[PDB]
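So the sequences go chain by chain: X, C, D, L and W.
Quick note on the numbering used here: the first sequence kicks off at 520 and runs consecutively.
Quick note on the numbering used here: the second sequence kicks off at 55 and runs consecutively.
Quick note on the numbering used here: the third sequence kicks off at 679 and runs consecutively.
Quick note on the numbering used here: the fourth sequence kicks off at 33 and runs consecutively.
Quick note on the numbering used here: the fifth sequence kicks off at 2 and runs consecutively.
First comes the structure, then the notes that go with it.
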Amino acid sequence: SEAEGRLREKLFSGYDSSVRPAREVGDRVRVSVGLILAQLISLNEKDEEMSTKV
Amino acid sequence: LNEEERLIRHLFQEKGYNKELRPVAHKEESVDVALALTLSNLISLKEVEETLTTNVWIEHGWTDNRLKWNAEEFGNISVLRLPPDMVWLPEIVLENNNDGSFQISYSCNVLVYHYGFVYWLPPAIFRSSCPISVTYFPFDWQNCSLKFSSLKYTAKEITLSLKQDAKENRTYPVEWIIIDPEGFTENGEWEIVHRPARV
Amino acid sequence: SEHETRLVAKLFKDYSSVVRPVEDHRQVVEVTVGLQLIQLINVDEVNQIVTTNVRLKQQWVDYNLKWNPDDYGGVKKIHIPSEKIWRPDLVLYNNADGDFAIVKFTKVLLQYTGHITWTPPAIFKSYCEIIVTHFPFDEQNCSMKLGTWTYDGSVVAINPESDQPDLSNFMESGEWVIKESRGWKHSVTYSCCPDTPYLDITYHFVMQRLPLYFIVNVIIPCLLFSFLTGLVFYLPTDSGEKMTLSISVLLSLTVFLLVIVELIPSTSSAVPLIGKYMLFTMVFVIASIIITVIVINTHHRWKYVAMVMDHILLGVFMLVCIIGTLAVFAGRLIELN
Amino acid sequence: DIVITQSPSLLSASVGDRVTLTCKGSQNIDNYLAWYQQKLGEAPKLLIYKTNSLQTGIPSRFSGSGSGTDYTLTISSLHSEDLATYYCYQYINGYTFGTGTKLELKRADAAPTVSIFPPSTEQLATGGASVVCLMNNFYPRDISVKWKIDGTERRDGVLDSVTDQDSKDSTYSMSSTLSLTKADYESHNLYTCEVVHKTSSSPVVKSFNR
Amino acid sequence: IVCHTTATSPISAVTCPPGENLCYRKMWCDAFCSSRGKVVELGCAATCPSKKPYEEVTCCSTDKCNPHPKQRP
Ligand SMILES: *[C@@H]1O[C@H](CO)[C@@H](O[C@@H]2O[C@H](CO)[C@@H](O[C@@H]3O[C@H](CO[C@H]4O[C@H](CO[C@H]5O[C@H](CO)[C@@H](O)[C@H](O)[C@@H]5O)[C@@H](O)[C@H](O[C@H]5O[C@H](CO)[C@@H](O)[C@H](O)[C@@H]5O[C@H]5O[C@H](CO)[C@@H](O)[C@H](O)[C@@H]5O)[C@@H]4O)[C@@H](O)[C@H](O[C@H]4O[C@H](CO)[C@@H](O)[C@H](O)[C@@H]4O)[C@@H]3O)[C@H](O)[C@H]2NC(C)=O)[C@H](O)[C@H]1NC(C)=O
Ligand SMILES: *[C@@H]1O[C@H](CO)[C@@H](O)[C@H](O)[C@H]1NC(C)=O
Ligand SMILES: [Cu+2]
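Here it is, written out as structure tokens:
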């Protein structure tokens, strides 16, 4: 995949995964959070603990 | 000099093999991955935890044209054994696992044949979620399943299919779980009645 | 003071752990495999799993790891991380639910001849067909089928170090005695391939259970309950204790069943001999209760007839108890004897 | 370490002949054997390494073979440039060398020109009395020399040297000497040099008196 | 009689022991039948070997009459 390889190499030139993508210093990164419940594995009333696969 | 060393330098360093990229000519193509499952042992079914523990060997097969060679040019090497970390993998996981162990247990070598076929037979211990039906207990029967899919690739990037066997030069799909007719030690409490497979 | 660093650098500058360590690819790597059994950790009859502590000694010659000792001050051996070098991928074929391969990557000992010794520790959970019929006096033949997973016999050959596993360091078990052990190499042919054999080494151990624990905790209570169920017939009807006695014995047996079901394996593959004896005791108690009810009703109707029936049934019950106990235990004791 | 022996110690051969040299270890050398060629006054040149691999630029005449403890070097067709000493050595456990094989040109047999010379009076005036015996242009190099004085054999003070094959005729020339004091010389009068060589069933003798 | 045998590696043609007169070939599937094909066992027998339910046995009285499935007599 020549074009995908070249684009992938382009994007990560000088990229730093440890630095959040705020363009200006005061900018905030908006993150949307959603949840899909695949399985309610269990609820334990002795440990007061709910186990879920999501 | 060892012909295997020359061939591996050829395939990976000289041709610049990138394991990150799918083995396709064009991005719009999907790689056909064929699966078969060998059940080595049915370890246990726990009804209280509703968990099925199985020992399985997941026979992957796919074609990677980047890994072709002419055997006569490399001392009649027809098969090559490689760490799975070297080659591109379709990254199949047990989707309905019960404990967060999505991936295969033992990363054994892949066998790459000179005509470009990549064959893999990773063994794995799986703990899948099998919802129990208690109605007729103890004379009950349970419909457990193992569901395999890729989370890294969608149906547009790789195609799942069942392995095809052949008899009298006529092919047919292997639509069932493989079990050794003589080596298979049966479980102490459960008997396998049917073992179908579906895409 | 610096020559060992030089040696390791010279060895691994151009090393490859992917290719087989032979001069010519048509050659076979000869691996010597020696299983040392350190401890029989556990046996599980319910899940048919044998857990053992082992050292899996592997010896082979790496063609590329030779050196001349005089170039390095007489250094004849070094220690190398095993992740650096090529290794045979021995897999426990009959793994139950443990690791298929080695996961403790200890160091190898490398000699100037290129000879590598690697002795990784492992915990093996092998699948074993437990036979429960003679339980608890049973002998189990349990096996460990080891072989290269991906290499076939034409590229890697494995040879057993000795006819038997190494038991010199074996810690004695508290419940099983290893009667004998033996490794056999097998070569198998398949219809794909007339030329290439597939090789495995199957070690096996014949372990004999020590029955004393199960004799104490299971056999004696059942014997006592049977004895009481026999004695209940010598008790007079006019005592009124008959029904109370039989009911109390039934309740005690039912309570002890909560122990029995914990101790007896739940495998439905076959009925354990101790389980058969338990069921026999249960049926005997039930029949004794039924017969006691019949005799009580007879006496209230005939008194001498009921007494003669009691005297006959006392002997019948005690003879059935002794006969059942002997038919259960004597056969297995004679087989072991 | 591995001890190495070579055979033959000398090998007479003619131009164009195939020739084979054998090297044998006390232990398995595991094909880690090399062969190098040396001429007089010349830097040694490696011919073969790892029992088979020709050194780059070596003529195809040379080929190596062998296994275990026994190895051979073969020259298919001996050129005149190939007359030399050949050493095998191993490099797997220590470094040890053979004694060398002196591959030399075949030559027609020649009887030695034997002669004897007393210590001249110019020497006797100094007190030295070395007698000398010469054997010129003999072949093969197998030769034995004995000094006898008044019929009694002498070994004390005896020395000898032999030239290499002559560049034009390939024969050998040998000298031998017997150092004596003036008193020891004057104590005897008969002197003879006896030469044993393969070209005759009986030794040649050359003698002098007074 | 001379029959093929798998007791040696590779498969070899061997004169049978005295008294035994039938070549035989037995095959069955194992845990690797899906990729390696059937197991193949070749040998000599006086009587044709019994069949387990999953086994396939063929017995014959000719020299080298039980080749490997990829070979020919
Ligand atoms: C506990 O359970 C374990 C289960 O793990 C039990 O283990 C079993 O124990 C048995 C003995 O107690 C073993 O049987 C013996 O196995 C030997 C190894 O067999 C293999 O190798 C043979 C070649 O090896 C020779 O050469 C090597 C090279 O150095 C030597 O090291 C060896 O010692 C040998 O000299 C090879 O021929 C065998 O393959 C043949 O048999 C198998 C079936 O077993 C076939 O599938 C093969 O195709 C092949 O068959 C050929 O040969 C037979 C004749 O043998 C012909 O009839 C066929 O047609 C065909 O030509 C194996 O790969 C054997 O050497 C040994 O042979 C003895 O007995 C036979 C008769 O039975 C005689 O003919 C021989 O002369 C000799 O006396 C014997 O079979 C099991 O292998 C072993 N099994 C396992 C799975 O581990 C253990 O006993 C139990 N213990 C208890 C209950 O206490
Ligand atoms: C490969 O196989 C062919 C056919 O058997 C043989 O002639 C040839 O020498 C082998 N070797 C190489 C290096 O091709
Ligand atoms: Cu040092």
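C-beta: ideal position from N, C-alpha, C; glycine also.
If we count the other Cβ atoms within 10 Å of its Cβ and call it buried at 16 or more, is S551 (chain X) buried or exposed? Along the first sequence, read from residue 1 onward, the residue named residue 551 (chain X) stands at position 32. By the neighbour-count rule (16 or more Cβ atoms within 10 Å), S551 (chain X) is not buried but exposed.
Put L72 (chain L) into one of helix, strand or coil per three-state DSSP. Within the fourth sequence, residue 72 (chain L) is the residue found at index 40, counting from 1. Per DSSP, reduced to three states, the secondary structure at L72 (chain L) is coil, with no helix or strand assignment.
If the criterion is Cβ atoms closer than 7 Å, does the pair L91 (chain C) and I231 (chain C) meet it? Position 37 of the second sequence, counted from the first residue, corresponds to residue 91 (chain C). Position 177 of the second sequence, counted from the first residue, corresponds to residue 231 (chain C). Against a cut-off of 7 Å, the Cβ pair of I231 (chain C) and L91 (chain C) comes out as a contact.
Residue range of the beta strand (DSSP E) that includes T104 (chain L): Translated into the one-based positions of the fourth sequence, residue 104 (chain L) becomes position 72. Start and end: 102-107.
Candidates C:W195, C:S94, C:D86: which alpha carbon is nearest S204 (chain C)'s? The residue labelled residue 204 (chain C) in the question sits at position 150 within the second sequence. Closest option to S204 (chain C), judged by alpha-carbon separation, among C:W195, C:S94, C:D86: C:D86.
Kindly list, in the order they appear in chain C, the residues whose Cβ is closer than 8 Å to that of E523 (chain X). Here residue 523 (chain X) refers to the residue found at position 4 of the first sequence. What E523 (chain X) touches in chain C: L75, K81.
Chain-ordered residues, beta carbon under 5 Å from a heavy atom of ligand 3: Sorted by chain position, residues whose beta-carbon lies closer than 5 Å to a non-hydrogen atom of ligand 3 are D:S679, D:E680, D:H681.
For a cutoff of 7 Å on Cβ pairs, would you count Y891 (chain D) as touching chain W? Counted from its first residue, the third sequence places residue 891 (chain D) at position 213. Judged by the 7 Å Cβ criterion, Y891 (chain D) is not in contact with chain W.
On the criterion of 16 or more Cβ atoms from any shown chain inside 10 Å, does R249 (chain C) qualify as buried, or is it exposed? Taking the second sequence and counting its residues from 1, the one referred to as residue 249 (chain C) is at position 195. Looking at its Cβ environment, which holds fewer than 16 other Cβ atoms inside 10 Å, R249 (chain C) is exposed.
Which residues of chain C have a Cβ atom closer than 9 Å to the Cβ of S35 (chain W), listed in chain order? Here the question's residue 35 (chain W) lines up with position 34 in the fifth sequence. Annotation: Cβ neighbours of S35 (chain W) in chain C (cutoff 9 Å, chain order): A90, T92, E113, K217, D219, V228, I232.
Just checking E701 (chain D) against ligand 2 - is the residue's beta carbon closer than 6 Å to any of the ligand's heavy atoms? Counted from its first residue, the third sequence places residue 701 (chain D) at position 23. Every heavy atom of ligand 2 is 6 Å or more from the Cβ of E701 (chain D), so no.
Going by DSSP, what residue range makes up the beta strand (DSSP E) through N563 (chain X)? Position 44 of the first sequence, counting from 1, holds the residue named residue 563 (chain X). Taken as a continuous stretch (DSSP letters only), the beta strand (DSSP E) holding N563 (chain X) covers 558-563.
Contact check, residue 42 (chain C) vs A32 (chain W), beta carbons under 7 Å: Residue 42 (chain C) lies beyond the residue range present for chain C, which begins at 55 and ends at 253; the question has no answer from this structure.
Would DSSP call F191 (chain C) helix, strand or coil? What you label residue 191 (chain C) is simply residue 137 of the second sequence in a count that begins at 1. Reduced to three states, the DSSP call for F191 (chain C) is coil.
Looking at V769 (chain D) and residue 628 (chain D), is the spacing between their C-beta atoms short of 7 Å? Nothing about residue 628 (chain D) can be read from this structure; chain D reaches only from 679 to 1015.
Thinking C-alpha only, which one of L:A157, L:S109, L:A161 is nearest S92 (chain L)? Indexing the fourth sequence from 1 puts residue 92 (chain L) at position 60. Of the candidates L:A157, L:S109, L:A161, the one whose C-alpha sits nearest the C-alpha of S92 (chain L) is L:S109.
Any idea what DSSP makes of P872 (chain D), helix, strand or coil? In the third sequence, residue 872 (chain D) corresponds to position 194, counting from 1. For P872 (chain D), the secondary structure class from DSSP, reduced to helix, strand or coil, is strand.
In chain order, what residues of the same chain lie with their CB nearer than 8 Å to the CB of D767 (chain D), ignoring the 5 residues before and after it? Numbered from its first residue, the third sequence carries residue 767 (chain D) at position 89. When the five nearest sequence neighbours on each side are left out, the beta carbons in the same chain lying within less than 8 Å of the beta carbon of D767 (chain D) are those of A779, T826, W827, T828, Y829, in order along the chain.
Can you tell which of D:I794, D:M985, D:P798, D:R698 has the C-alpha that lies nearest to the C-alpha of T784 (chain D)? In the third sequence, residue 784 (chain D) corresponds to position 106, counting from 1. Of D:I794, D:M985, D:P798, D:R698, the smallest CA-CA separation from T784 (chain D) is found for D:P798.
Between the alpha carbons of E919 (chain D) and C820 (chain D), how many angstroms are there, rounded? Taking the third sequence and counting its residues from 1, one reaches residue 919 (chain D) at position 241. Taking the third sequence and counting its residues from 1, one reaches residue 820 (chain D) at position 142. One C-alpha to the other measures close to 52 Å.
Could you round the C-beta distance between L923 (chain D) and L931 (chain D) to whole angstroms and report it? I think they count as a contact, below 8 Å. Taking the first residue of the third sequence as position 1, residue 923 (chain D) is located at position 245. Taking the first residue of the third sequence as position 1, residue 931 (chain D) is located at position 253. At roughly 13 Å, the Cβ-Cβ gap does not stay under 8 Å, so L923 (chain D) and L931 (chain D) are not in contact.
Whole-angstrom distance between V721 (chain D) and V884 (chain D), CA atom to CA atom: The residue you call residue 884 (chain D) lines up with position 206 of the third sequence. The residue you call residue 721 (chain D) lines up with position 43 of the third sequence. Whole-angstrom Cα-Cα distance: 13 Å.
Among L:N84, L:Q59, L:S147, which has the Cα closest to the Cα of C165 (chain L)? As a first step, residue 165 (chain L) must be located in the fourth sequence, where it is residue number 133. For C165 (chain L), the closest alpha carbon among the candidates L:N84, L:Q59, L:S147 is that of L:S147.
Just the chain C side, please: which residues come within less than 7 Å of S520 (chain X) by C-beta, in chain order? Here residue 520 (chain X) corresponds to residue number 1 of the first sequence, with the count starting at 1. Near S520 (chain X) (Cβ distances below 7 Å), the residues of chain C are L75, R76, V78, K81.
Going straight from the alpha carbon of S859 (chain D) to that of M996 (chain D), what length do you get? Taking the third sequence and counting its residues from 1, the one referred to as residue 859 (chain D) is at position 181. Taking the third sequence and counting its residues from 1, the one referred to as residue 996 (chain D) is at position 318. Computed Cα separation, rounded: 44 Å.
Going by the C-beta, is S51 (chain W) closer than 6 Å to any heavy atom of ligand 1? Residue numbering aside, residue 51 (chain W) sits at position 50 when the fifth sequence is read from its first letter. Residue side-chain check: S51 (chain W) keeps its Cβ at 6 Å or more from all non-hydrogen atoms of ligand 1.
Check whether the Cβ atoms of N60 (chain L) and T83 (chain L) lie closer than 7 Å to each other. For this step, residue 60 (chain L) is matched to residue 28 along the fourth sequence. For this step, residue 83 (chain L) is matched to residue 51 along the fourth sequence. With respect to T83 (chain L), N60 (chain L) sits apart: the two C-beta atoms are not nearer than 7 Å.
Nearest by alpha-carbon distance to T880 (chain D): which of D:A948, D:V994, D:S804, D:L928 is it? Your numbering for residue 880 (chain D) matches position 202 in the third sequence. With distances taken between Cα atoms, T880 (chain D) lies closest to D:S804.
List in chain order: all unbroken alpha helix (DSSP H) runs of 4+ residues lying wholly within the region 901-959 of chain D. Complete alpha helix (DSSP H) runs here, min 4: 919-941.
For chain C, check one thing: does any of its Cβ atoms lie closer than 7 Å to the Cβ of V894 (chain D)? Counting from one through the third sequence, the residue named residue 894 (chain D) turns up at place 216. It does not; no Cβ of chain C falls within 7 Å.
Of the listed residues L:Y127, L:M206, L:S85, L:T106, nearest to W745 (chain D) (C-alpha basis): As a first step, residue 745 (chain D) is located in the third sequence; it is residue number 67 there, counting from the start. Measuring from the Cα of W745 (chain D), the nearest candidate turns out to be L:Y127.
For a cutoff of 7 Å on Cβ pairs, would you count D64 (chain W) as touching chain C? Locating residue 64 (chain W) in the fifth sequence gives position 63, counting from the first residue. No - not a single Cβ of chain C is within 7 Å of the one on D64 (chain W).
As an exercise, report each continuous beta strand (DSSP E) stretch of at least 3 residues that is fully enclosed by the region 145-196 of chain L, in chain order. Complete beta strand (DSSP E) runs here, min 3: 145-149, 163-170, 175-181, 184-186, 190-194.
I'd like to know whether the C-beta of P176 (chain C) is nearer than 7 Å to at least one C-beta of chain W. As a working mapping, residue 176 (chain C) is identified with position 122 in the second sequence. No, because no Cβ of chain W sits closer than 7 Å to the Cβ of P176 (chain C).
Work out the CA separation of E42 (chain W) and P11 (chain W) for me, nearest whole Å. Stepping through the fifth sequence from its first residue, residue 11 (chain W) is reached at position 10. Stepping through the fifth sequence from its first residue, residue 42 (chain W) is reached at position 41. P11 (chain W) and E42 (chain W) have their alpha carbons spaced roughly 12 Å apart.
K857 (chain D), DSSP secondary structure in three states: By one-based count along the third sequence, residue 857 (chain D) stands at place 179. Taken through DSSP and simplified to helix, strand or coil, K857 (chain D) comes out as strand.
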